[PDB]
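The chain that follows stands alone, in the form deposited in one PDB entry, written as structure tokens.
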């Protein structure tokens, strides 16, 4: 392990606004928040360049009684057995379901999976979260 210390200059008003926000959110300090920003930036780049394995979640909401969304979802997912690990389903109300799908694999593959799921007519709301396997981070 090796820690590298360096200085940076940030616009004063920007910094002031930043400190006010992270405190409200709950961060213990500015250094921790900035390191978090740097990790986030690196994770995003990981989804852009390379073929390294990434991980993510796809959250969707739908009415299971509407059309054939339920069948369509299953068929799409079973087509990607290698990337989809598992999914959590919560029955919101008599008609609405919330489902979150955990995926692991190549970035381009996962983004296509999200495209197909989110573009389904029955899917009302949805969002792909791009994150990491943590293997290459800390």
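Residue numbers count along the first chain shown, from 1.
Absent from the display: the form deposited in another entry. The rest refers to it.
- Relative to the rigid parts that move between the shown form and the other one, the hinge contains 49, whereas the other entries in 49, 91, 74, 68 stay over 12 positions from any hinge.
- CA of residue 127 to CA of residue 18: closer by 3 Å or more in the other entry than in the shown form.
- Relative to the displayed conformation, the Cα-Cα distance from residue 59 to residue 25 grows by 3 Å or more in the other entry.
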